[PDB]
Amino acid sequence: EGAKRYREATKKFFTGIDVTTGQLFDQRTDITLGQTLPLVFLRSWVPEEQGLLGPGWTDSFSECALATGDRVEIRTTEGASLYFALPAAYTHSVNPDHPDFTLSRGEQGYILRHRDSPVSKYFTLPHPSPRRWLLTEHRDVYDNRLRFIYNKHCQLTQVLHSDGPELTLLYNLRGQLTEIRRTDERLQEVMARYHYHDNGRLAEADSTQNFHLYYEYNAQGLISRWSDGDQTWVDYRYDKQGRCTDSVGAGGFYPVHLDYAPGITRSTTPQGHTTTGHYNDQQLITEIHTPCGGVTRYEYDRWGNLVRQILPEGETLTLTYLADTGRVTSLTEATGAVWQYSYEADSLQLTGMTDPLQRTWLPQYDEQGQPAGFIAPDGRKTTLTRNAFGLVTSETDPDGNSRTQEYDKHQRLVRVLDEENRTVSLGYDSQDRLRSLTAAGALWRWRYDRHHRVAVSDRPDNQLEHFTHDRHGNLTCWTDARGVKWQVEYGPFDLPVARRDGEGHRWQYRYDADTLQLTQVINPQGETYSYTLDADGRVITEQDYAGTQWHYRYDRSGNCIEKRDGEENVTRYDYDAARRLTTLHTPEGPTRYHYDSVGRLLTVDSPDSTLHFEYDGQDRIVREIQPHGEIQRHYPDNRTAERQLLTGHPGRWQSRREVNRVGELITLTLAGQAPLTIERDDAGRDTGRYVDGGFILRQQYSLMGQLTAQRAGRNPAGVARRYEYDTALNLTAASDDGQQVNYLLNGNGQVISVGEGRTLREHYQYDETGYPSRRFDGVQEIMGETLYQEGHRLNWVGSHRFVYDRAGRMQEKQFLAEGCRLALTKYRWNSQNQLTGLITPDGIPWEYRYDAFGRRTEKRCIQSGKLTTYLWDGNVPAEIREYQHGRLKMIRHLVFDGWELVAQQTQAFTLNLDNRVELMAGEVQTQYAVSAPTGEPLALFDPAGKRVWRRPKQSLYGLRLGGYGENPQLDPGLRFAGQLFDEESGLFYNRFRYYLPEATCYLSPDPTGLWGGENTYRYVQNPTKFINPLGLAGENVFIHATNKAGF
């Protein structure tokens, strides 16, 4: 037939070119406006079609309908038309091959609507001369409109949007469209420009909001070369039948060769690796063969609905349909879980979904049939409200909490009022660019360049930050409020090839030609980090800056089934058909995972521990079983939670938390004690905690949200502190009781020196890579020239020499004094997680055990009888117990609010009779904490308000350099956020890695890789403004202090 099936553009497979036809796919958006319904000028390439922009180019404004007396054809902006049979005996028609569209008869012409959209298109203007009907408007069910106005001689001159926006089209004497201008409330802004070759084919397309592109054509009127005009281009060569055989981009990117045969298309790279398609007579892809092997197969209904998918290992996903509706009723996963759907009879709109656990959700619909909330499985309704224009003005939860929105006369959102009656106010330029935002008495403003990109930001503090974009919209330079410049450079495809710090040091990147994945990083000291890719683009080996290597192997479907490190340790993985990890094999044994029908973990079994979980209804966890204890969460209410810990000398601990309708803790209650009240500001920051007639804490914040003061005590000595900040928001000074400390920083915000009363206490220097290593003094003098081996691995630190393992772990530490004999500290790493495993100091050994999540469970020393056990409530401890000679010394129950300690209870046991009795069981004592921003506890207070413990004096990077005060036994054991102190070794325990304070570094390389950061052994850039709470990736403690160009 003289037709081609319509495809939805998500069912098409591309290389470089549509594999099924050898046809170039180009589709570019040039304008985008409007608030209620969108006004979008989009153009696409279809060589044998015409419209605005001349031969070959067609666009959203030139859609039309044709009617051959009883059949109607709609010419959409895709490569094919829609066909409908509409006799004079019928009001509406549907075609099973594109069942989303319905065509209905109109007053004059036809009306086309897509099921899941509110917008309908009216082809109701006769073109004077099958019969051609022009597009005349779009209309919402809300009677919003977008009107197309034609002059005499049937040119489109204007497009009017009922909100306000309004476009004028302009033509030259040859009728060629040359410009589109926005002509709206005395505006004259030019929105796009077009230029043509002498033959009238489109030569250029300059778009204010988008890109400037150029086009060249071969002698057969087919595209030969498009370019950015600066560094990007792709080149195309064609066969005698119009099909594309070769493509090459700039820089050697995307090199493809295509071979065509009837039913089969194979595409090959310059290396000879070949992908193979198969497709059926409807141009639906049936098999894909990848170059490493592996065959994926698809099977279709007679109307081209996908019914079955088989992955190359045999995972089979099946579907079933409601005969001709095109509506899916069952989806069966490869694990056998069945999902079920049902639809309304009169109109094919979803009335219910059932999941494999027999929970049912019911969608709800307003008048005009637009969604209006849902009924949850519990029977609890959520509702929505809409103004006369269809904009959501109210949303409501079954608790009665509600969120409210208000709209300008141009239907722009101008005020958002949230569930806690905090308000945000917005402001707009005449061109609808977001000009202003008022959030909490802080006012933000922005200015824009001629391409509608942010030029200047004007912060609440009256500071100016400047942005410079290239013509393509890549942020080439950022200038912060100190005038330091951060710069980054872009290559052939807006891939960044280099970036330069404010100190001026430069980094470089290299990309894979076939896939544009990152394959190399060059250090400012010339060291290199590298990936090697498979034929399928999988990473099969990576190599570290120091030259450590890892190797991987994969299965047919793409899962990773083996890892080999450089110590010859082979880790293996087995997966279920849903790609969940199901077994882990290690030199130390198997670990087994078990799941339910829905993907919820029920049991992890491991060489030395077992975890169990139970869930209740809303996928809250209600029980956990761990080694050493249990947790039982009650949840009596939507805004309450009660936790009980049972451990065992049987012990129990209870707490209750209450929440302020927006998720923030506002009260804490410990069983035997009067409650603690937490106050919240309009930004949700904690401004104070108090116990009635007792402890009170008060805190102040700047308009940039940084903490500027703390005061605490028996309000009616405590702590009394102040902070000062730079204009780039680095901390410059801190003071307590007048003892001011001063920090000075280089052009990276790294502390050069610490002065405390004009005396210099500490100073530091940094190398070209940012490692906090070169001459430094905190407690001893560290020299810079013997600090590192080959790749930021430690060589000499004072009188200690370090030896490293073949796998890049630290293996020994040697105190080579030359006056004393050998002192050796030994570490015994395992393989599952580079867990420390064991340690031998100058004498007595110590051993550690871990859970199945990487969370330490024990710490034992058999020689002296010391054991420490831990119970965990998530990413932070819940209970700690400490034993010697088989009896308790201490127990700590701890409550956290984020990474910041809020309260602590402690019982202290001691035998006094020297008889087999656990004597003098003491009384629980509650302490309330005051903490620094980066998570270090500063002081602890009695509920009555008396201070009972105070932090010793401390170095920038954590070294203790004062003495212990009163009550050293009440020290919680916490350092920066996420870390615990090990006094036997002087190491700070992060979850996945161990930190050495004396060297500012971790003992082992990053568990993830370059995702964690470019610096594999560095802890953090600045201990006073960053935290690293898991061992994986550092983050800013305050928002608005983040680097906007990236790092």
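The text that follows walks through the structure, step by step, so that each part is easy to find. (Residues numbered from 1 in each chain as written, not as in the entry; some residues may be left out. Heavy atoms only, no water. Residues with missing side-chain atoms left out of burial classes, pairs and counts.)

### Section: the overall build of the chain
Going by this rule: Strands are runs of DSSP state E lasting at least 2 residues, helices are runs of H or I lasting at least 4, and numbering of each runs from the N terminus. The globule rule is 2.2 Å times the number of residues to the power 0.38, and the radius of gyration it is compared with is taken over C-alpha atoms.
When you go through the chain residue by residue, the secondary structure sums to zero helices and 96 strands. What you see for the chain is a C-alpha radius of gyration of 34 Å, in line with the 31 Å of a compact globule of 1047 residues. Taken along its principal axes, the extent of the C-alpha atoms in the chain is 110 × 65 × 60 Å.

### Structural notes on the pattern of salt bridges
Filter applied, for reference: We define a salt bridge as a side-chain nitrogen of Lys or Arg found within 4 Å of a carboxyl oxygen belonging to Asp or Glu. Relative accessibility decides the category of a residue: with a 1.4 Å probe and only protein chains considered, values under 20% of the type maximum give buried, values over 50% give exposed, and everything between is partly exposed.
This model, assessed by the stated rule, comprises 63 salt bridges. Measuring nitrogen to oxygen at the nearest pair gives 3.5 Å for the salt bridge that ties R7 to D18. The two residues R7 and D18 agree in class, both being buried. A salt bridge links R689 to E900, with the shortest nitrogen-to-oxygen separation between them at 3.8 Å. Here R689 falls in the buried class, since its relative accessible area comes to 10%. For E900, a relative accessible area of 21% puts it in the partly exposed group.

### A look at unusual backbone geometry
We note that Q283 has phi near 60°; this positive angle belongs to a residue other than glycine. In this fold, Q283 is placed in the loop between β26 (274-279) and β27 (285-289). The backbone of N462 shows a phi angle near 60°, a positive value even though the residue is not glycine. Within the element layout of this structure, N462 appears in the loop between β43 (454-458) and β44 (464-469). Since its relative accessible area comes to 64%, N462 is described here as exposed.

### Some points on the side chain of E858
Stated formally: A 3.5 Å cut-off defines polar contacts: any pair of N or O atoms within that distance qualifies, except that in protein one atom must be a possible hydrogen donor and the other a possible acceptor, and neighbouring residues in sequence count only when both atoms are side-chain atoms. Contact between two residues is taken to exist if any of their heavy atoms lie within 4.5 Å; hydrogens are not considered.
Structurally, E858 is set in strand β83 (residues 856-861). A polar side-chain atom of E858 sits 2.5 Å from a polar atom in the side chain of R860. Beyond its immediate stretch of four places on either side in the chain, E858 contacts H628, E847, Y848, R849, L867, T868 and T869.

### Let's talk about the sheet that holds strand β93 (residues 994-996)
Filter applied, for reference: In short, DSSP must find at least two bridges between two strands for them to pair.
Taken in spatial order, the four strands of this open sheet run β91-β92-β93-β94, and their pairing is antiparallel. Looking at the sheet topology across the chains shown, the edges are occupied by β91 (980-982) and β94 (1001-1002). Looking at chain direction, strand β92 (residues 987-989) and β93 are connected through two bridges and run antiparallel. The residue bridging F988 from the neighbouring strand is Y995, located in β93.

### As for the side chain of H792
By the secondary structure assignment, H792 is in the loop between β75 (788-789) and β76 (793-794). Judged by its relative accessible area of 6%, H792 is buried. Within the structure, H792 has its side chain in polar contact with the side chain of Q525 (distance 3.3 Å). Among residues more than four places away in sequence, those in contact with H792 are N523, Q525, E527, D767, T769, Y771 and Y1017.

### Describing the environment of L42
Following the sequence through the fold, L42 ends up in strand β2 (residues 39-51). Spatially, the C-alpha atom of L42 lies 6.0 Å from that of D30, the residues being 12 residues apart in sequence. Excluding residues within four positions of it along the chain, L42 makes contact with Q27, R28, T29, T58, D59, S60 and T77.

### What about empty space enclosed by the protein?
To keep it simple, the criterion reads: Only protein atoms enter the 1 Å grid used here, on which a cavity is any set of points holding a 1.4 Å probe that cannot leave and a pocket is any open set flanked by protein within 12 Å on both sides along at least five of seven lines; residues with an atom within 4 Å of a point are listed as lining. Grid points are joined across faces, edges and corners, and a volume is the space filled by probe spheres set on the points. Under the scheme applied here, ten amino acids are nonpolar (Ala, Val, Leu, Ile, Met, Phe, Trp, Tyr, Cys and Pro), four are charged (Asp, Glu, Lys and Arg), and all others, including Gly, are polar.
When its volume is computed, the largest cavity comes out at roughly 200 Å³. Every residue lining the largest cavity is counted, 23 residues in all, and those nearest its centre are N875, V876, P877, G978 and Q979. Of the residues belonging to the lining of the largest cavity, the class tally is 14 nonpolar, six polar and three charged.

### Some remarks on the packing of aromatic side chains
Put simply, the rule reads: Side-chain rings of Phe, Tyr and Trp (the six-membered ring for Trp) are treated as a pair once their centres are within 6.5 Å; stacked means planes under 30 degrees apart, edge-to-face means over 60, and tilted covers the remaining angles. Note on geometry: a ring has a charge over it if NZ (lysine) or CZ (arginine) is within 6 Å of the ring centre and within 35 degrees of the ring normal.
Summed over the entire model, instances satisfying the criterion amount to 29 aromatic pairs. For the pair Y254 and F493, a centre-to-centre distance of 5.7 Å together with 70° between the ring planes defines the contact as edge-to-face. Here the residue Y254 occupies a position in the loop between β23 (244-249) and β24 (256-261), and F493 occupies one in the loop between β46 (485-490) and β47 (496-500), the gap between them amounting to 239 residues. With 6.4 Å between their ring centres and 40° between their planes, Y870 and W872 make a pair best called tilted. Take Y870 and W872: they sit in the same class, and that class is buried. Connected via pairs of aromatic rings, a cluster forms that spans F976, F981, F988, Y995, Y1002 and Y1019. Of note, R131 hangs over the ring of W133, and the distance from its end group to the ring centre comes to 5.2 Å. Its guanidinium or amino end placed over the ring of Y989, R856 lies 4.4 Å from that ring's centre, counting from NZ or CZ.

### Let's talk about the nonpolar core
Quick note on the threshold: In plain words, nonpolar cores are sets of buried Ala, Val, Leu, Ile, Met, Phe, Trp, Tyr and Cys residues tied together by side-chain atoms within 4.5 Å.
Of all hydrophobic cores here, the largest spans 62 residues; its most connected members are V751, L794, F802, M810, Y827 and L1003. With sequence-adjacent residues up to four places away left out, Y827 is seen in contact with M810, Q811, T836, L838, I839, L987 and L1003. Counting 56 residues, the second-largest nonpolar core is a separate cluster that includes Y6, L112, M191 and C244.

### With respect to the pairing of strand β80 (residues 824-827)
Only one face of β80 is buried: it carries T825 and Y827, and the other face, with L824 and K826, is open. Pairing of strand β79 (residues 810-815) with β80 involves three bridges; the strand directions are antiparallel. Bridge assignment links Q814 to a residue of β80, and that residue is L824. Relative to strand β81 (residues 838-840), β80 runs antiparallel, the two being bridged by two bridges. Opposite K826, over in β81, you have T840 as the bridge partner.

### Description of a negative patch on the surface
Operational definition: Note that patches include only residues with greater than 30% relative accessible area and no salt bridge, and the join distances are 9 Å for like charges and 5 Å for nonpolar side chains (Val, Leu, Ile, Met, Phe, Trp, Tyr). Only the protein chains shown count as cover for residues, and all accessible areas are computed by the Shrake-Rupley method using a 1.4 Å probe. None of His or the chain ends enter the tally, which takes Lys and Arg as positive and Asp and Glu as negative. The location of each charge is read from NZ of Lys, CZ of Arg, CG of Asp or CD of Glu.
A cluster of acidic side chains, namely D397, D399, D637 and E658, defines a negative patch on the protein surface. Relative to the helices and strands, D397 resides in the loop between β37 (392-396) and β38 (402-407).

### Remarks on the sheet that holds strand β3 (residues 54-59)
We apply this condition: Angles here are taken between N-to-C directions and fall from 0 to 180 degrees, while the axes themselves are lines fitted to C-alpha atoms, restricted in helices to the stretch in contact.
Read from one edge of the open sheet, three strands run β1-β2-β3, paired in antiparallel fashion. Edge positions in the sheet fall to β1 (27-33) and β3, since each of these pairs with one other strand and no more. Taking each pair of neighbouring strands and ignoring which way they run, the sheet shows an average axis angle of 30°. Here β2 runs beside β3; their pairing, made up of five bridges, is antiparallel.

### Digging into the environment of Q750
Structurally, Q750 can be placed in the loop between β70 (739-745) and β71 (751-756). Sequence-distant contacts of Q750, that is, excluding residues within four places in its chain, are made with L744, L745, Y766, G770, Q1021 and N1022.

### Things to note about the state of the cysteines
To keep it simple, the criterion reads: Put simply, a disulfide is two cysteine sulfurs that come within 2.5 Å.
Inspection of the entire model under this criterion finds zero disulfides. Looking at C560, it has no disulfide partner, and the nearest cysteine sulfur is the one in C292, 13 Å off.

### Brief notes about the pairing of strand β56 (residues 589-595)
The two faces of the sheet receive side chains in turn, since in a regular strand these alternate between them. In terms of strand pairing, strand β55 (residues 581-586) meets β56 through four bridges, oriented antiparallel. Residue pairing in the sheet places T586 in a bridge with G589 of β56. The hairpin turn running from β55 into β56, its antiparallel successor, is two residues long. Pairing analysis gives four bridges linking β56 to strand β57 (residues 601-606), with the strands arranged antiparallel. Looking across to β57, one finds that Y595 is bridged to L601. With antiparallel pairing between neighbouring strands as the criterion, β56 and β57 make up a hairpin whose turn holds five residues.

Read these as layout, nothing more, since geometry by itself doesn't imply function.
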